[PDB]
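Visitor: One structure is given below, represented as C-alpha cells, and several questions about it will come after.
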Amino acid sequence: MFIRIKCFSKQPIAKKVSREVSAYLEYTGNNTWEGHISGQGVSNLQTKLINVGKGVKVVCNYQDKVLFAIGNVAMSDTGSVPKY
Amino acid sequence: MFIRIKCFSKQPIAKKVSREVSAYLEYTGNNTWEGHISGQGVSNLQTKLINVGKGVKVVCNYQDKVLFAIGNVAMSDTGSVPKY
Amino acid sequence: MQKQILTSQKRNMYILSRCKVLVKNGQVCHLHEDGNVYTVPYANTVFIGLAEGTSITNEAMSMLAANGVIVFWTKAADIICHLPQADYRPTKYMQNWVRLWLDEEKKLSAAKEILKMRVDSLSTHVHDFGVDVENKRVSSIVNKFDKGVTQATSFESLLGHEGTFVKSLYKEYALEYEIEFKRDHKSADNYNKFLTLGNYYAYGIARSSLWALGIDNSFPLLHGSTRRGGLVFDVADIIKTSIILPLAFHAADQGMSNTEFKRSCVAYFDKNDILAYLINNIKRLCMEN
Amino acid sequence: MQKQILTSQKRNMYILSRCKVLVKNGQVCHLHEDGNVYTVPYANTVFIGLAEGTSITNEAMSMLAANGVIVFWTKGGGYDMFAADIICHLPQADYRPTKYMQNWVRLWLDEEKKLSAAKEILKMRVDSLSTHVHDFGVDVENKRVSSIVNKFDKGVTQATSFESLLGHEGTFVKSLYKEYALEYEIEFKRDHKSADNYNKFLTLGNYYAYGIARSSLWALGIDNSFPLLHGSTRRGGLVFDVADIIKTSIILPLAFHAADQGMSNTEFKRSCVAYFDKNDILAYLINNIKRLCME
Amino acid sequence: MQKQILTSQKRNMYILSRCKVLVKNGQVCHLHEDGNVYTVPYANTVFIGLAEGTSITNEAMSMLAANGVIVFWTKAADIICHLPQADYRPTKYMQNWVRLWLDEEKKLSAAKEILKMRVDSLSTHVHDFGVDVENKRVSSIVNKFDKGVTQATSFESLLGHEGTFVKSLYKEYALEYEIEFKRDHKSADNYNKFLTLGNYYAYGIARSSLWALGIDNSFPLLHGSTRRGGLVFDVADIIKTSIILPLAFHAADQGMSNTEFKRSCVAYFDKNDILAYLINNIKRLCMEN
Amino acid sequence: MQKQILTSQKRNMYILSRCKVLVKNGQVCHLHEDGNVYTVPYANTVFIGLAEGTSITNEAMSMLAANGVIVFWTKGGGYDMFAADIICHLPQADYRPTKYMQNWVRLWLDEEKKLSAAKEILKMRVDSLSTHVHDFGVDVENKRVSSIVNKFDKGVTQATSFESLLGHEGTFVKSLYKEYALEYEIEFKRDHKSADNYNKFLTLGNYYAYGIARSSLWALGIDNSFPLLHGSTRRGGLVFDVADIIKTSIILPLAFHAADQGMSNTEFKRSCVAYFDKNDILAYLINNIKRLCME
C-alpha cells in the first residue's frame, strides 16, 4: 500500500528519523520518503519510531487519508500547514 | 485526480513558482504541494510553468508515476535525487 | 491571461472557524491567534463559510470574487452570503429560468425537478459504508420524499418538510449508530457538532453552483413561514441527506475530530466532482428550454 | 470614509471605506484606520456597502440581517459593486421578489408595450441629456443639440422596429461625437482599440457608467441580464442599456472634457464620483426604473 | 536488538547500472561519477542487481546480508549470485523440501505446483492495462502453459519451454503494441533493453524469497541443456511473464526511460505485496507435508 | 593478502583480504591496497573467496563462472563464511547436486545406518582428540584421557538409542571440562551466561568452530540443516553436530589455554585461524564426511 512519509522533526533527531525511515523507503527529496509498505510493515515502522523516542514528527499518508501521526504537529484544517 | 508537486528550484525562481502553483494547490511544507486539481487544470498549470521560464525544477506526481517534469533533473530507479 | 478556470473544475471547500481571513502576498489565507496561515488555492476554491469569531476583508473578498469563491456567514437557520456580481453572467441561463419561473406551473415543474434530483444524487454517488446503499429504512425514506415532492400541490405544502426529513433522518441513522441525539443547533455532543458543521458544505456547493451558471438566490423555489433563506436551501438539499449525513455518522461514531471530517468530505467531493456534477445538473434546469 | 447616497426617498446607501466593522455593545460599529469607531443607524439604513480596505465580522451580519438591512461590497467611490446578496420583499419574514421584477418581466412578455418601453427609455435618455447641465463644453440648449434632439424625438415616435431603433441610437451617438469633437477643435472617431487619451477616457467613463448602472440595478433588485434594446444573447443587458441613458448625457461631456485638458485617470474617477454624489445620479436612475415598471 | 525485520515486508528493488555500491556513515549506498551518493534501504531492500561496470565492497555486502539482501550479477543466460549464509535458517522448511526433493515423483509434483502458481501470480496481481486480463491470446497461452506443465513427463521435456514462452509472449503483446522486436540480449531498441532490465527484478525477488524460508538455490526443478543456473529461474518465472511484460510493453510504447520504468516496477511489485505472496506461496510448497 | 587453504587433494581455497579485484587484459587480477596487482591461476583454482575490505567487478565473475570456478565471501580469517553460491556437479553445463548430497540423504533416510553414522562420528571425535596434539596443557596419552576414551569407546559401541548418545555426549563434555579444569588448577563449570573470560573465550571459539564447520560443509556442498545427533527441529543442527567433533578435540584446550594467559580476542582469533591453516583442519573434516558418505 502506497505510503508517503513526511518528517517535520529537528536535527540531530531528524537525521535519526531519516536513518530509520531511509532504511524502509527511498529518499525522494526534502525530508520526504515515498514508497510502499503493508499494514504489518507500518506496524513494525511505528513500533520502531516509538522506540526512537520523543521529538519525532512523522505524518504518514496512504493516498490522501492520514494513516498515522507521531508527535505534536498541529496539522490544522483539512490538508496543509503553512506558517508565514 | 490528486496530484503533488515537488519543486527543487532556486530563489527567486522558487518563490515565483511557489506563488504560481500555491494558488492551485495547498502548501504542505519543505517545497511540497499535495492537492486536488483537474486534468485540463494540469494543462493550464503546465502551460504557466512553461511561462515561468528557465531555472525551474518541478516534478508532478500522480500516485507514484510522474505526469510532468520541467528542468534539467536526474532521477533514477527509485526516483531518489541522491540524498544531499 | 488564462480563461480563469470555469466553475465546474474547482475543488477546494472549507469552513472557517475562529480565524481571520485576508490576503498575504497575493494569496488568500487565514490566521489563527499564533499566525499559522493556510493559503487558500483560489483557482480551485469553491467557497468559504464563516463560523463565529470570524471575518474577511475587502481585498480578500475581491480577489476571491475575481475567480468567484463564494463567502458566507453561517449564523436550518438564516445564512447570509455574498455572491460575486462584477463578472457578467451568461444571459440565456437565467433568462430562460425567469421566463419559466414567473409562470407558477413551470415554477412547480422546476422545483419538482431540482428536488427530485436528490435520488440521482444518492444513486450516482456511491462510496459509502455502514447504512450503505440501503438499511431498509433510508430507501423507503427517499421513496416517501419522492411521493411528497411528486404530490407538489403548493409551495407552502412542503415548506418545512425537509426539516421533518433532517429530523427523521438524524434519528434514523442513529438507531444503528448508537446515540439518541436530536436536530439541535446548540447541542454540545459530537454528533450534532458534525451535523451542524455539515450543512454549510451543502450551502457552499449550492452557492457556487448558483454563481455563474444560473440564479441569484432571492428568486427561489421554496418559500413559506419556516423556509427562510431562499433557493440555496433548495439546491443544498441535494447533497444534504445524500452525502454529508452518512460521513457525518461515520465520523461521529468512529470518533475523530472536525478536521478529519472535513478531510473525508473534501475527499468525497473530489472523488466524483460534485461541483461539476451539480453544475451540469442545474444546467438541465436553467438550459431546459 | 462614510458616505450617504440616496436611491428613492432617504439617504440610505452607507458606503464605508478603510474600516474594520465589528460588534460593539451588541450593535454594529465600525472602527476606522485613524482609530475612531462610529455606530450605524438601523431605521435609516437599507443599503450598507463596504468599499476598499473594509472588513466585517460574522455577528455583524447576524444582527444586520436579524433586523432588516442589506450589505454589499464595492470598489472606491461606492459605485462599482462586485459582491452582494439580492433584494427580496423582506430579508426575514418573506422571500418574495419585488413588484419591479414582476412588472419588468411582464413588460418583456408583451411585445408592443416592450416597444413602448423602448421608445420611452430613449425618451428619458433625451430628457437626461436635456436636464443635466455642466459648466464646461457643449451647451445642451444650442441650435445643434436642439436640432438633433427634436429630430430623434420624431424619429423615436415614427419608428416601430428594433433595427431602426438601434440605427437611431448609433446615429445619435455618432452625431454627438461629431458635435462634441467640433466643440473641442478635434477630429474624432470612437473606438475601443485606439490607444490615445480620448478613446481610453471614453472607455473608462463607459465602464463607470456600467458600474453606476449595475449599482442602480441591484439597488432596486433587477439583474444584469434582462435587456431591452440589445440582443437577447448579450451579457450585461440592462447594465449596457441603462448606462446608454447616461453615456450620451453625462459620460460623454465629462469624458471629452477630462481628455481635453488631460487630467489623470484617478482624478477623473474622483470627479466622476463627485458628479455621482453631489448631483445624486442613482436617484434618477432608480426613479427612471420606477417610471418604466408601473407605467 | 529488534527482531531483524521479517522478510515478507522487504519492499525495495534495484537493478543497478554504471555505479559503485559501498557503505558510508552506516548507510549502504552507491556512487555515480559525479561525486553524488544514493541511498539503499537495507531493512526493506530485497536485492541489488549489479550490471556492467559495477562492483560492490565487502562491508556493505555484510551489512545487507545480515538483513538478507541478495546481490547478484547480470552477465536468460548464466546469472551469478550471492545468498546470505551467516543467518541460521529454519531447518524445518527446506528439511521437508529435501525430503520432497530427492524423491523424483515428489520433485515432479513440486515442479508442477511452482509453475502452475504462475497463473495465481497472473490472477492475484490485477492492475494491468492494454491487453489487461486477456486479449484473447494471453489467456489461451497461459492455458497452453498449464497443459504443457501439467503434462510434465520429465524435467528435460520442458527444459526450454519458457524460452519459447518468452519468445512467443514478446511477439504476442507486440502485435497490439506496435514493434517487431524479438528476444535478444543486445538489441539496441528500447523494448529489448527494457525486457532485459526487468526480468532480473523477478530474479532478485525470487532469490530473496529463497534466502530466508526455504531452498538454497542449487536444488533445482528444471535442468537441461539451456536452463542453466538452477531453481532461481523456476521461482522467477512466477513474475517474469506475469508482471514485467504488460508494464514492459506499456513503458516501451509510452516512451519514457529506465527510471520511470523501475518506479512502475516498484509500484506494481510492491502494491500487491508480491515478495510476501512469494514467501507464503512457496511456504505451501516447502511445508506441503 | 592471498592465503591458500587445502580442501581435498590440492591447495584450492584462495582467500583475498583488502584488495580490489577486476579484469586486467582480459583476465581476472586483483590489486591490494598498497597498489600492486597479481593475476589468478585457473587450473589450480576451484574456491575463490573474499575477506574484509574487498570489492570485485561484474566481468570478473562473468569470466570466472564462464570457466568453472566459484567465489564466496567470509569474515576476516577466511573461515567464518557469510555469502556464497552453492557447489553443484559443475556450474556451467549440468546443474545437479554432488554425490555427497546423495550419500548423506541416503544415510539419513535409513535409520539403522543413521545410528551407524552417529556412532562413527563419535568415533572420529575420539580420533580427532587422539591425533591432534597441542604443545601446551593436557597431553592426550595420559591415564585419565585414555581411561575416558576407552570408557566412552565401549559406551558408544554398546549404545543403540539417540538419547543415550546425548547422555554420553554430556558426560563426555563434563568429564573433559573437569579434566582441563584440574590440569589448570581451577574450578570450572561451562555456561553461556557467565561473564568471566573463560566462558566468553570458549563461546567465541565455539562460534569459530561453527564458522569452520559451515565453510567445510559448503566446500563439500552440504547445507546447514541436516543434523544427526541433535534434534531435527533445531536451527543449524549439522553445524553443531559436526562442530562438537572439532570442539572437544581442539577448541576446548585452545580456549582454556588462551583463557589462562588471557590474551585479547583478536589475537586469540588469529591463533585459531593460524592453527586451522597449518594443521589443515578443513581438509580433515572434508576427508571425514568423505569417509562417512561413501561408507
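Identifiers for the C-alpha cells are assigned positionally: chains receive A, B, ... in sequence, residues are indexed from 1 per chain, and ligands are indexed from 1 in the order shown.
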Using only C-alpha atoms, which protein or nucleic acid residues come within 6 Å of stretch 280-289 of chain F? Drop anything in the same chain fewer than 4 positions from it, and give the result as a list in words.

Guide: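 Final neighbour list, sorted by chain and number: residues 6, 7, 8, 216, 276 and 293 of chain F.
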
Visitor: Output C-alpha atoms for every residue in that selection, as a PDB file, in the first residue's frame.

Guide:
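Below you can see result_15.pdb, which holds the result:
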```pdb
ATOM      1  CA  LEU F   6      43.701 -27.189   1.110  1.00  0.00           C
ATOM      2  CA  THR F   7      40.284 -28.807   0.706  1.00  0.00           C
ATOM      3  CA  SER F   8      40.536 -32.338  -0.735  1.00  0.00           C
ATOM      4  CA  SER F 216      33.880 -27.087   5.261  1.00  0.00           C
ATOM      5  CA  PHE F 276      43.455 -24.038  11.378  1.00  0.00           C
ATOM      6  CA  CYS F 293      29.385 -40.665   2.873  1.00  0.00           C
TER       7      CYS F 293
END
```

Visitor: Once chain B is fitted onto chain A by least squares over all its in-order Cα atoms, send the moved chain as a CSV table (one decimal) with N, CA and C atoms, in the first residue's frame.

Guide:
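Final file, part_37.csv:
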```
chain,number,residue,atom,x,y,z
B,1,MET,N,-0.7,-0.3,-1.4
B,1,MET,CA,-0.2,0.0,0.0
B,1,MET,C,0.9,1.0,-0.1
B,2,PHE,N,0.7,2.0,-1.0
B,2,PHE,CA,1.8,2.9,-1.3
B,2,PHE,C,1.6,4.2,-0.3
B,3,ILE,N,2.6,4.3,0.6
B,3,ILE,CA,2.5,5.3,1.6
B,3,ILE,C,3.6,6.3,1.5
B,4,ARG,N,3.5,7.5,2.2
B,4,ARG,CA,4.4,8.5,2.1
B,4,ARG,C,4.6,9.2,3.5
B,5,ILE,N,5.8,9.4,3.9
B,5,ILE,CA,6.2,9.9,5.2
B,5,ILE,C,6.6,11.3,5.0
B,6,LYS,N,6.1,12.3,5.8
B,6,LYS,CA,6.7,13.6,5.9
B,6,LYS,C,7.1,13.9,7.3
B,7,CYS,N,8.4,14.3,7.5
B,7,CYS,CA,9.0,14.5,8.8
B,7,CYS,C,9.4,15.9,9.0
B,8,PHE,N,8.9,16.5,10.1
B,8,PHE,CA,9.2,17.9,10.5
B,8,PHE,C,10.1,18.0,11.7
B,9,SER,N,11.0,17.0,11.9
B,9,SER,CA,11.7,16.9,13.1
B,9,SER,C,13.0,17.8,13.1
B,10,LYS,N,13.7,17.9,14.2
B,10,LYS,CA,14.9,18.7,14.3
B,10,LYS,C,16.1,17.8,14.5
B,11,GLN,N,17.2,18.3,14.0
B,11,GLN,CA,18.5,17.6,14.2
B,11,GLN,C,18.8,17.5,15.7
B,12,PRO,N,19.4,16.4,16.1
B,12,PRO,CA,19.8,15.2,15.4
B,12,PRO,C,18.7,14.1,15.4
B,13,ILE,N,17.5,14.4,15.9
B,13,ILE,CA,16.4,13.5,15.8
B,13,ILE,C,16.0,13.3,14.3
B,14,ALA,N,16.1,14.4,13.5
B,14,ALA,CA,15.7,14.3,12.1
B,14,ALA,C,16.6,13.4,11.3
B,15,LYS,N,17.9,13.4,11.6
B,15,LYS,CA,18.8,12.5,10.9
B,15,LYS,C,18.6,11.1,11.3
B,16,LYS,N,18.3,10.9,12.6
B,16,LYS,CA,18.1,9.5,13.1
B,16,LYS,C,16.8,8.9,12.5
B,17,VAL,N,15.7,9.7,12.5
B,17,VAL,CA,14.5,9.2,11.9
B,17,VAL,C,14.6,9.0,10.4
B,18,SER,N,15.5,9.8,9.7
B,18,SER,CA,15.8,9.6,8.3
B,18,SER,C,16.5,8.3,8.1
B,19,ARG,N,17.4,7.9,9.1
B,19,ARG,CA,18.1,6.7,9.0
B,19,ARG,C,17.2,5.5,9.2
B,20,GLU,N,16.3,5.6,10.2
B,20,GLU,CA,15.4,4.4,10.5
B,20,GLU,C,14.3,4.3,9.4
B,21,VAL,N,13.8,5.3,8.8
B,21,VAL,CA,12.7,5.1,7.9
B,21,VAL,C,13.2,5.1,6.4
B,22,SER,N,14.4,5.6,6.2
B,22,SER,CA,15.0,5.5,4.8
B,22,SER,C,15.5,4.1,4.5
B,23,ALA,N,15.6,3.3,5.5
B,23,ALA,CA,15.8,1.8,5.3
B,23,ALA,C,14.6,1.1,4.8
B,24,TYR,N,13.4,1.8,4.9
B,24,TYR,CA,12.2,1.1,4.5
B,24,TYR,C,11.5,1.7,3.3
B,25,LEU,N,11.8,3.0,3.0
B,25,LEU,CA,11.2,3.7,1.8
B,25,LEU,C,12.4,4.4,1.1
B,26,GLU,N,12.1,5.0,-0.1
B,26,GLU,CA,13.0,5.6,-0.9
B,26,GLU,C,13.0,7.2,-0.7
B,27,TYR,N,14.1,7.8,-0.6
B,27,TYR,CA,14.2,9.2,-0.2
B,27,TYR,C,13.9,10.1,-1.4
B,28,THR,N,12.9,11.0,-1.3
B,28,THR,CA,12.6,11.8,-2.4
B,28,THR,C,13.3,13.2,-2.4
B,29,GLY,N,13.4,13.8,-1.2
B,29,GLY,CA,13.9,15.1,-1.1
B,29,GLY,C,13.0,16.0,-0.3
B,30,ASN,N,13.6,17.0,0.4
B,30,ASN,CA,12.8,17.9,1.3
B,30,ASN,C,12.1,17.1,2.4
B,31,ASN,N,12.7,16.1,2.9
B,31,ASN,CA,12.2,15.3,4.1
B,31,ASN,C,10.9,14.6,3.7
B,32,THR,N,10.9,14.0,2.6
B,32,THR,CA,9.7,13.2,2.1
B,32,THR,C,10.1,11.9,1.6
B,33,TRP,N,9.3,10.8,2.0
B,33,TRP,CA,9.6,9.5,1.7
B,33,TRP,C,8.4,8.8,1.1
B,34,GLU,N,8.2,8.8,-0.2
B,34,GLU,CA,7.1,8.0,-0.8
B,34,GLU,C,7.7,6.6,-1.0
B,35,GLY,N,6.8,5.6,-1.0
B,35,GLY,CA,7.3,4.2,-1.3
B,35,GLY,C,6.2,3.2,-1.0
B,36,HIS,N,6.6,2.0,-1.3
B,36,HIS,CA,5.7,0.8,-1.2
B,36,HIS,C,6.1,0.0,0.0
B,37,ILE,N,5.2,-0.4,0.8
B,37,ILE,CA,5.5,-1.0,2.1
B,37,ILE,C,4.2,-1.8,2.6
B,38,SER,N,4.4,-2.8,3.4
B,38,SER,CA,3.3,-3.6,3.9
B,38,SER,C,2.7,-3.1,5.2
B,39,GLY,N,1.5,-3.5,5.5
B,39,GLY,CA,0.7,-3.0,6.6
B,39,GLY,C,1.3,-3.4,8.0
B,40,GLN,N,1.6,-4.7,8.1
B,40,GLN,CA,2.3,-5.1,9.3
B,40,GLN,C,3.7,-4.6,9.3
B,41,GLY,N,4.3,-4.3,8.1
B,41,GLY,CA,5.5,-3.5,8.0
B,41,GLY,C,5.3,-2.1,8.5
B,42,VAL,N,4.2,-1.5,8.3
B,42,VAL,CA,3.8,-0.2,8.9
B,42,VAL,C,3.7,-0.4,10.4
B,43,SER,N,3.3,-1.6,10.9
B,43,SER,CA,3.2,-1.8,12.3
B,43,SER,C,4.5,-1.9,13.0
B,44,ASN,N,5.5,-2.6,12.4
B,44,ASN,CA,6.9,-2.5,13.0
B,44,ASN,C,7.5,-1.2,12.8
B,45,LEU,N,7.1,-0.5,11.7
B,45,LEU,CA,7.6,0.9,11.4
B,45,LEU,C,7.2,1.9,12.5
B,46,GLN,N,5.9,1.8,12.9
B,46,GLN,CA,5.4,2.7,13.9
B,46,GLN,C,5.9,2.3,15.3
B,47,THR,N,6.2,1.0,15.5
B,47,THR,CA,6.8,0.6,16.7
B,47,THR,C,8.2,1.2,16.8
B,48,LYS,N,9.0,1.1,15.7
B,48,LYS,CA,10.3,1.7,15.9
B,48,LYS,C,10.3,3.2,15.9
B,49,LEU,N,9.3,3.9,15.3
B,49,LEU,CA,9.1,5.3,15.5
B,49,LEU,C,8.8,5.6,17.0
B,50,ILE,N,8.0,4.7,17.6
B,50,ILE,CA,7.8,4.9,19.1
B,50,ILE,C,9.2,4.7,19.8
B,51,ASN,N,10.0,3.8,19.3
B,51,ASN,CA,11.3,3.6,19.9
B,51,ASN,C,12.4,4.7,19.6
B,52,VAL,N,12.1,5.6,18.6
B,52,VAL,CA,13.0,6.7,18.4
B,52,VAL,C,13.0,7.6,19.6
B,53,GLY,N,11.8,7.9,20.2
B,53,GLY,CA,11.7,8.8,21.4
B,53,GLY,C,11.0,10.1,21.0
B,54,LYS,N,11.0,11.0,22.0
B,54,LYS,CA,10.3,12.2,21.8
B,54,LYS,C,11.1,13.2,21.0
B,55,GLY,N,10.4,14.3,20.5
B,55,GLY,CA,10.9,15.2,19.6
B,55,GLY,C,10.7,14.9,18.1
B,56,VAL,N,10.2,13.8,17.8
B,56,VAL,CA,10.0,13.4,16.4
B,56,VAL,C,8.6,13.9,16.0
B,57,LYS,N,8.5,14.4,14.7
B,57,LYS,CA,7.3,14.9,14.1
B,57,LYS,C,7.1,14.3,12.8
B,58,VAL,N,6.4,13.2,12.7
B,58,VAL,CA,6.3,12.4,11.5
B,58,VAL,C,4.8,12.1,11.2
B,59,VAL,N,4.4,12.3,10.0
B,59,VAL,CA,3.0,12.1,9.5
B,59,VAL,C,3.1,11.1,8.3
B,60,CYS,N,2.3,10.0,8.4
B,60,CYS,CA,2.2,9.0,7.4
B,60,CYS,C,0.9,9.2,6.6
B,61,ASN,N,1.0,9.2,5.3
B,61,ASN,CA,-0.1,9.4,4.4
B,61,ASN,C,-0.3,8.2,3.5
B,62,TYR,N,-1.5,7.6,3.6
B,62,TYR,CA,-2.0,6.7,2.6
B,62,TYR,C,-3.1,7.4,1.8
B,63,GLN,N,-2.8,7.5,0.5
B,63,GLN,CA,-3.5,8.5,-0.4
B,63,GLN,C,-3.4,9.9,0.2
B,64,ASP,N,-4.6,10.3,0.8
B,64,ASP,CA,-4.6,11.6,1.5
B,64,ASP,C,-4.7,11.4,3.0
B,65,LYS,N,-5.5,10.4,3.4
B,65,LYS,CA,-5.9,10.3,4.9
B,65,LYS,C,-4.7,9.8,5.7
B,66,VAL,N,-4.6,10.3,6.9
B,66,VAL,CA,-3.4,10.0,7.7
B,66,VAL,C,-3.6,8.7,8.5
B,67,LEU,N,-2.7,7.8,8.2
B,67,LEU,CA,-2.8,6.5,8.9
B,67,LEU,C,-2.3,6.6,10.3
B,68,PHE,N,-1.2,7.4,10.5
B,68,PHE,CA,-0.4,7.5,11.7
B,68,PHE,C,0.3,8.8,11.8
B,69,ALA,N,0.5,9.4,13.0
B,69,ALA,CA,1.2,10.6,13.2
B,69,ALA,C,1.7,10.6,14.6
B,70,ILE,N,3.0,11.0,14.7
B,70,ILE,CA,3.7,11.1,16.0
B,70,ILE,C,4.3,12.5,16.2
B,71,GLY,N,3.9,13.1,17.3
B,71,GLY,CA,4.6,14.2,17.9
B,71,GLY,C,4.0,15.6,17.6
B,72,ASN,N,3.2,16.1,18.5
B,72,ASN,CA,2.8,17.4,18.9
B,72,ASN,C,2.6,18.4,17.7
B,73,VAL,N,1.8,18.0,16.7
B,73,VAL,CA,1.7,18.8,15.5
B,73,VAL,C,0.3,19.3,15.4
B,74,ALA,N,0.1,20.5,14.8
B,74,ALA,CA,-1.2,21.1,14.6
B,74,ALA,C,-1.6,21.0,13.1
B,75,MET,N,-2.6,20.3,12.8
B,75,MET,CA,-3.1,20.2,11.4
B,75,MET,C,-4.5,20.7,11.3
B,76,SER,N,-5.0,20.9,10.1
B,76,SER,CA,-6.2,21.6,9.9
B,76,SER,C,-7.1,21.0,8.8
B,77,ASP,N,-8.0,21.8,8.2
B,77,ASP,CA,-9.0,21.3,7.3
B,77,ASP,C,-8.4,20.8,6.0
B,78,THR,N,-7.4,21.5,5.5
B,78,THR,CA,-6.7,21.1,4.3
B,78,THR,C,-5.4,20.4,4.6
B,79,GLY,N,-5.1,20.3,5.9
B,79,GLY,CA,-3.9,19.6,6.3
B,79,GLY,C,-2.6,20.5,6.1
B,80,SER,N,-2.8,21.8,5.9
B,80,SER,CA,-1.8,22.7,5.8
B,80,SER,C,-1.2,23.0,7.2
B,81,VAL,N,0.1,22.9,7.3
B,81,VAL,CA,0.8,23.2,8.6
B,81,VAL,C,1.3,24.7,8.4
B,82,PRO,N,0.5,25.7,8.7
B,82,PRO,CA,0.6,27.0,8.1
B,82,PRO,C,1.3,27.2,6.8
B,83,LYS,N,2.3,28.1,6.7
B,83,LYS,CA,3.2,28.0,5.5
B,83,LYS,C,4.6,28.1,5.9
B,84,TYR,N,5.0,28.8,6.9
B,84,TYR,CA,6.4,29.1,7.1
B,84,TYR,C,6.9,28.3,8.4
```

Visitor: Using DSSP on the backbone coordinates, identify the residues of chain A assigned to strand (DSSP E); present them as a list in words.

Guide: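 Selection result, strand (DSSP E) within chain A: residues 2, 3, 4, 5, 6, 7, 26, 27, 32, 33, 34, 35, 36, 58, 59, 60, 61, 62, 65, 66, 67, 68, 69 and 70 of chain A.
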
Visitor: Counting only C-alpha atoms, which residues of chain C come no farther than 10 Å from chain A, as a PyMOL selection string?

Guide: chain C and resi 12-17+24+29+31-32+34-39+258-267

Visitor: Take atom CA of residue F:221 and atom CA of residue F:97 and report the distance between them in Å, one decimal.

Guide: 8.1 Å

Visitor: Could you give me, as number ranges by chain, the residues within 12 Å of residue D:259, counting only C-alpha atoms and dropping anything in the same chain fewer than 4 positions from it?

Guide: D: 137, 180-181, 184, 186, 196-205, 251-255, 263-265, 267-268

Visitor: Chain C vs chain E: Cα RMSD after least-squares superposition over all Cα in order?

Guide: 0.4 Å

Visitor: Any idea what the distance is between atom CA of residue D:20 and atom CA of residue D:54?

Guide: 5.7 Å

Visitor: Name all residues at most 8 Å from residue C:248 (count only C-alpha atoms; drop same-chain ones fewer than 2 positions away) and give them as a PyMOL selection string.

Guide: chain C and resi 191+194-195+198+244-246+250-252+261
